[PDB]
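Quick notes on the structure that follows.
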Amino acid sequence: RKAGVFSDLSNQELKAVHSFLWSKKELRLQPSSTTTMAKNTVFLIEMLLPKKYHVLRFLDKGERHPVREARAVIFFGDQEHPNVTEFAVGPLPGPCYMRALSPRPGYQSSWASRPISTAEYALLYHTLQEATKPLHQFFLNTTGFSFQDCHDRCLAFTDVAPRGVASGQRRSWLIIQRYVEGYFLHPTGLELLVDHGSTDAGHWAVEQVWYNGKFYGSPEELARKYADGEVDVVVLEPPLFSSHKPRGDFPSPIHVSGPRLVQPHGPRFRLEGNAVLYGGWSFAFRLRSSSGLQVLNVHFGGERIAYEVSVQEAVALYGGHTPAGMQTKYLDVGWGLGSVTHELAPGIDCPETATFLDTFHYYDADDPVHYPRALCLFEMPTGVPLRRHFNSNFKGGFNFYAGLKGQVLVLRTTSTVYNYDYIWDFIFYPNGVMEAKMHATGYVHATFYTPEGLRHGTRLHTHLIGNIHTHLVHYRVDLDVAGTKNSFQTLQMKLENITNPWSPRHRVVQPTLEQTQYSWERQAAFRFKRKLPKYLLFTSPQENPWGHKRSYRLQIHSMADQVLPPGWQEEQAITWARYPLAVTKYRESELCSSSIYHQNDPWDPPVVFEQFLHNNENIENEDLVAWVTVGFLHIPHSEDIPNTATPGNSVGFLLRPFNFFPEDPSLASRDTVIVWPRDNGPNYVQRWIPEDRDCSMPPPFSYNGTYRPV
Amino acid sequence: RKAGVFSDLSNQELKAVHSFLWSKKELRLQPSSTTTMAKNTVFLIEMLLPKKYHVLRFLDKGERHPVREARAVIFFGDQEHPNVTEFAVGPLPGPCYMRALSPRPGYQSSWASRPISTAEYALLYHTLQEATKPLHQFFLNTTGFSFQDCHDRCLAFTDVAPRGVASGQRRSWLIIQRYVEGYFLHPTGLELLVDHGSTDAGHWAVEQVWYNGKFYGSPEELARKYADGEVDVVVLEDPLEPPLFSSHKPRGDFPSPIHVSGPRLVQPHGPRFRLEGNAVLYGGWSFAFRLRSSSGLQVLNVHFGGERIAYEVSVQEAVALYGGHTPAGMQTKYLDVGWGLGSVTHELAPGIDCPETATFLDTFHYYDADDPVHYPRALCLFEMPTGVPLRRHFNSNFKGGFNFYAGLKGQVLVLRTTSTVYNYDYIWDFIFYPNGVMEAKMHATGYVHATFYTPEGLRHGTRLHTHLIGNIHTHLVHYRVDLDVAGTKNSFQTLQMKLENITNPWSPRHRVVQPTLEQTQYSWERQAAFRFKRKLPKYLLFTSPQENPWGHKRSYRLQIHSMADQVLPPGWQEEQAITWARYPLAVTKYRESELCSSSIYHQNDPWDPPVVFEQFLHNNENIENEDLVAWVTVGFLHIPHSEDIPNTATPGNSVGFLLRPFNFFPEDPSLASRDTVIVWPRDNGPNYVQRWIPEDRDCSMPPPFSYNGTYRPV
Ligand SMILES: *[C@@H]1O[C@H](CO)[C@@H](O[C@@H]2O[C@H](CO)[C@@H](O[C@@H]3O[C@H](CO)[C@@H](O)[C@H](O)[C@@H]3O)[C@H](O)[C@H]2NC(C)=O)[C@H](O)[C@H]1NC(C)=O
Ligand SMILES: *[C@@H]1O[C@H](CO)[C@@H](O[C@@H]2O[C@H](CO)[C@@H](O)[C@H](O)[C@H]2NC(C)=O)[C@H](O)[C@H]1NC(C)=O
Ligand SMILES: *[C@@H]1O[C@H](CO)[C@@H](O[C@@H]2O[C@H](CO)[C@@H](O)[C@H](O)[C@H]2NC(C)=O)[C@H](O)[C@H]1NC(C)=O
Ligand SMILES: *[C@@H]1O[C@H](CO)[C@@H](O[C@@H]2O[C@H](CO)[C@@H](O)[C@H](O)[C@H]2NC(C)=O)[C@H](O)[C@H]1NC(C)=O
Ligand SMILES: *[C@@H]1O[C@H](CO)[C@@H](O[C@@H]2O[C@H](CO)[C@@H](O)[C@H](O)[C@H]2NC(C)=O)[C@H](O)[C@H]1NC(C)=O
Ligand SMILES: *[C@@H]1O[C@H](CO)[C@@H](O[C@@H]2O[C@H](CO)[C@@H](O)[C@H](O)[C@H]2NC(C)=O)[C@H](O)[C@H]1NC(C)=O
Ligand SMILES: [Ca+2]
Ligand SMILES: [Ca+2]
Ligand SMILES: [Ca+2]
Ligand SMILES: [Ca+2]
Ligand SMILES: [Cu+2]
Ligand SMILES: [Cu+2]
């Protein structure tokens, strides 16, 4: 396919890139699994998109297939001055070069900036096990659990990030928890700060300890004060509160399964590889291991609407009474947001009738890993007609009833980084409207209860505070409305007050249409202080048959506000969250608003979205990129136990045609039904697809749950 | 059954009330259809809810069933000083009184304020046929259609409201249109202003004429100037192979053919909700519902977990406020309760309007009718998968496997009706999720309000076809949300995030700038009347004094989904009719004299209506430990665009709000659901799929499609 230009790497390709790099013996490559930080390893391999200039020549002007390459992130820890360096490896097939990417003169913290890995976690656990030995009796008395000879009663930890107070530090606060079903909700009241910056884990140290509201300096000191009675201790078969297992009873119990979708005539969309056709729609998709889901080269009616719509970052920003809590600003691209695309359970995560798609990731692994049912694609009834009208004759009857059943195409994946489960949707309606949606579920990020915690959260159980936080998500929306060069305008209603033209002594105070043009980037960078104009329009200079510019409208569904003070420390990592909408001129050097490095060096990251606006460029008839921030404040509440639920917990945006088509583009749909009356006879039910009452069975439920090399 | 207290009038009850009034010969009642305005007629009969005090004592304290009554609106046209007077007729069964209802002594303009009727429309058509005789040749030449001697090429009109420039006037602008398929979108360029205030239709006059950008004084004057070649006329093409642009008939082809039917719901096990009369049980939920003929859908006595959450959530008003270049366009402020928003609940098409698996419900309305009228499939109630899990988690072991996967399939219960007043089809949903979340939603579809294109119209709308402007407007909807959170006595508080700037407690040379949780308490109505200029706090909480087991007040959170803003200037003329639209949220102390924010009379006397919402805030009452009522304005600006042809579509054109428990329950109330599935690993074995309901693969069929399309007495 042509859409293959946008496709993620196959298992064959990942092996080819990996083998190529491994045959370069001077890289001294070792497996991700090797239990030392003092090693060189390939941390991530994923497809590296070609330049847009070359892609559009191939797609639109019949030129050469662009060169295909892989981005390869290499952790160089086996050298005097450790760093991370990225390369473009190509061509594919038949790799033979390795070209260094994105140099950064004067930046010294690339090593400290890197994501945590499985090997690093194992070394942290060992550090923890050793360092907390003096606390063994303290653990047994207070929790009934421990790190030693613990078996089914083991302590665990959750690290928070960022990890220190300045660029170059790798000092993590660790929340100690009981490792039981839903361990996230079982903090013991102990937190530990561990310096794990050295490539020699022998050097790693607990530098500070916090327990039940007091700092202690070391595990030995806490152990001593415990022994001398100078510590205020909290000593910690229905289901566990942190379990999903049912309990309680509805006043009106429900004993049977609810209604389900059947698809006896098979999918109405066509999936070939990473390429989808659906009525008027055509698009390609990919699942970028670093940043997550994208749709690319989106067309309706054979015309381009958007070159790229992509998830860029997903953040959860906390306050807290405990050190771990006040430390937490999670930026999930730093945890491989697009690589934790775990198995979709048929019937639950997508309809039983969905098409489930597998993929492969190479992220912190020894070999490419198979991820079954990583995505799904499905049509489902929306339960509301796309359009309907009852045309009454106002004398007890009707001229006609017309209706179009509501259907939507949904491309879906998830990310479960750790405790959060985010459900990522791109949704395509038959009338050319597309929607992006993120739904939040899974376990809340929580810390140990003390009275002081009630200033930064809610008590959810006996020992549990749900910390206040804001979720924010950034999308890149590279609209190319009917072609590459667009303009941006907004529309507002403004009142006029005129003489009533048929009654001169009176006034008419009424709506008029007010149009605002935007010439320069800064004018189109909307802050949260300003109210957003109601119509956000991306226009083609082409006019429709009625004289109006062909356009697509962006409509944001969000509750987001300004969270961090602009200019203050870690806020440098998320300057995009200043803007619910910002428009930039397309540049190859500005493809992403975040990176895998932002989480662990938010102070001096390699991409600062705000910098994209510094040159305040002209945006009249240019390749424009819309960037959208959506989010919501989440003050936890008892109903979040065991999990946050999806209803009302979604954000996103709509893209709607606005004077783009001559009339409703869903008019081509043959699903429409019109009912007409006949004189002294039955009504005529006019259809273009026969009525269907066929039923069928979906595959029986299965779930694997493992993700392994092939 | 107890929910009967909330039930709409039966066909038998409506007849009983109509019969009782007709038996009083001094009322001189004539049928609605009699084509004179100088008549006495019963315009509307509907159930009149008993006092909350009495309903609650019945429902909660074992006291007597409250007396059942009907509201009866009587048009007294057959007298020297015509008026509209309402009565409460009761008891039911066995009506033997008619007491005064909503008396407004000292008000004189009730007649002018009254809704238009089928009979009045017929007299308007007759007036136009006569008044426009001079324009007959003009009509035939410019449109190919006529008012006089027409059969299949008839001109029609669409009247706009309000009908004048001050209280007491009934002067309507009429948009003249060709009566073809989707006639709404076929204006001729002519608009006529008719004074139809007199009860003698012989006095009615076309007082002004607008055609293609100029005013003309009379039909005779336009006819003369046309004859003398002095008018720039627009000759419309003949509208009567391809569908008319205003038809829903398909045209064009998708580049990727869709020839088979899409996926559809099956319900082999039947409804999981228990619907009995107007009472519904659904897992945690219990509620009653009704469809008030005047104002529309209501859910009542809403409980979850055996505790009351809301005494009433109801539609109050639905408005479309226009601008325009034509006089009709610039006049239009439609308030749909003045047109019987609750009475235009036309037949829902199975498989389209609701799923084929839905339970469809008939009702009866008595609104501008000679007899109670049967409305087939006025409502539907159905459960549908949402396509998104209510909750799910993959608990990875971070080494190629998992500890468990847990998920709960997404389902929701939807109670739905529609209102097709004229051109708009509004779809009204109340939605109930198994975790105690409820949602109110309105979806807009149908035909836009449109006027004749001229270049000047581009300042107030969008050219949608050759001769067609879609006028700019804002949709505004008002809801009454009488939350009774765990009981009648509530308070209202909001939560905001506020940053603090403190010394980093483990690194003294540094700062922690972080979120804290800030709580604001509200004491008086005015403090909780949030205007559209004001930032709406992110957490709007209606609280009960009772705490959950973790020490937090039990509450329900109101979350608004809207794009609405201030449309009319506060205090200016017709804005008096929609002062509720100043507030996305306002909170009032409960009162029997303040049950409604609008009325059927607001549309035609917006200057001096019987209820001004702002007056509910005047006395600035205490709202601590009180029976509170939340009132919610939602809406959107709609600038029409060519994709609105032939109809506005529902995607991205809905508004509403959510109610969500906030520390009301000790933990997730969906935990009682047996639909939850947890998959667990086993060493050297297949996974154990833990269930509490057996896996379903069953099949069934719904009934074959039928549609009637008529609504008549039985
Ligand atoms: C709106 O119109 C209604 C009906 O025409 C008015 O109610 C009617 O009021 C008249 C005059 O008060 C009542 O007529 C009779 O008057 C004689 C004496 O002159 C009296 O002895 C009779 O008992 C009788 O009252 C009539 O009862 C009453 N009809 C009804 C059904 O109530 C109403 O007053 C008008 N509203 C306004 C604001 O003017
Ligand atoms: C990060 O470390 C890498 C690998 O050690 C450095 O790249 C090497 O630099 C040496 C000295 O110039 C070259 O001779 C090698 O060819 C490079 N190796 C590879 C694999 O490219 C690099 O200089 C360091 N990066 C930064 C920014 O300091
Ligand atoms: C619309 O404009 C009119 C006229 O400019 C305003 O009416 C004037 O208001 C002042 C103060 O109330 C009166 O003294 C004048 O006599 C009015 N003039 C006329 C011709 O009516 C009116 O207030 C404006 N309305 C709005 C909402 O802006
Ligand atoms: C938080 O408070 C600190 C301390 O009051 C502020 O830091 C001071 O900033 C000024 C510049 O405006 C410097 O001259 C001082 O040296 C700083 N004091 C200290 C102790 O560092 C800080 O700016 C505040 N931050 C925010 C976002 O309000
Ligand atoms: C999950 O998937 C894996 C991989 O397909 C399954 O393991 C394979 O099982 C087949 C069939 O018995 C064996 O022949 C292979 O040796 C296995 N491959 C690997 C890589 O282990 C596994 O059985 C599935 N697990 C569950 C619980 O269904
Ligand atoms: C619509 O429903 C009406 C009312 O039930 C049907 O009208 C009845 O039709 C039957 C014959 O099928 C007659 O016996 C009755 O006399 C009719 N009743 C009335 C009140 O008119 C009608 O047939 C249905 N229409 C369609 C098109 O299905
Ligand atoms: Ca720029
Ligand atoms: Ca672009
Ligand atoms: Ca009051
Ligand atoms: Ca209340
Ligand atoms: Cu959250
Ligand atoms: Cu509209």
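A, B, ... follow the sequence lines: proteins, then strands. Residue 1 opens every chain. Note that ligands are numbered from 1 as they come in the structure, with each ligand's atoms numbered from 1 the same way. Any value given below was found using the heavy atoms of this structure, including those in side chains, with hydrogens, waters and symmetry copies removed.
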Evaluate A:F241 against A:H186 for ring-ring contact (aromatic ring centres under 6.0 Å, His included), listing each step before the verdict. CA-CA 10 Å; A:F241 70 88; A:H186 290 270; 4.7 Å; yes
With side-chain hydrogen bond (donor to acceptor under 3.5 Å, both in side chains) as the test, would you mind laying out the steps for A:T416 and A:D421 before giving the verdict? CA-CA 4 Å; A:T416 311; A:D421 297 71; 2.7 Å; yes
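Taking backbone and side chain together, A:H471 holds an N, O or S atom under 2.8 Å from the Cu ion (ligand 11). Taking 3.0 Å as the criterion, A:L624 counts as a coordinating residue of the Ca ion (ligand 8), since one of its N, O or S atoms falls below it.
Going from atom OH of A:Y552 over to atom OG1 of A:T539 covers 14.5 Å, rounded to the nearest 0.5 Å.
When each atom of ligand 1 is checked for a heavy atom of B:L27 under 4.0 Å away, the hits are 31 (C). Residue B:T85 approaches ligand 1 through these ligand atoms, each under 4.0 Å from one of its heavy atoms: 1 (C). Residue B:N83 has at least one heavy-atom neighbour below 4.0 Å for each of these atoms of ligand 1: 1 (C), 2 (O), 3 (C), 33 (C), 35 (C), 36 (N), 37 (C), 39 (O).
Scanning both residues, A:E521 and A:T584, for their nearest heavy atoms gives OE2-CA, 3.4 Å.
Residue B:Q79 has at least one N or O atom closer than 3.5 Å to an N or O atom of ligand 1.
Residue-level check: among N/O/S atoms of A:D480, OD1 sits closest to the Ca ion (ligand 8). The Cu ion (ligand 11) lies closest to atom ND1 when only the N/O/S atoms of A:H634 are considered. The Ca ion (ligand 8) is closest to atom OD1 of A:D478 (considering only N, O or S atoms).
Each of A:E590, A:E308, A:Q312 was scored for a side chain to side chain donor-acceptor pair (under 3.5 Å) with A:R476, with one residue passing: A:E308.
The Ca ion (ligand 8) lies at the vertex of an angle of 160° between the O atom of A:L479 and the OD1 atom of A:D623 (rounded to 10°).
Side-chain rings of A:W627 and A:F609 approach one another, their centers coming within less than 6.0 Å.
Between A:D480 and A:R304 there is no salt bridge, since no side-chain nitrogen of the basic residue lies less than 4.0 Å from a carboxylate oxygen of the acidic one.
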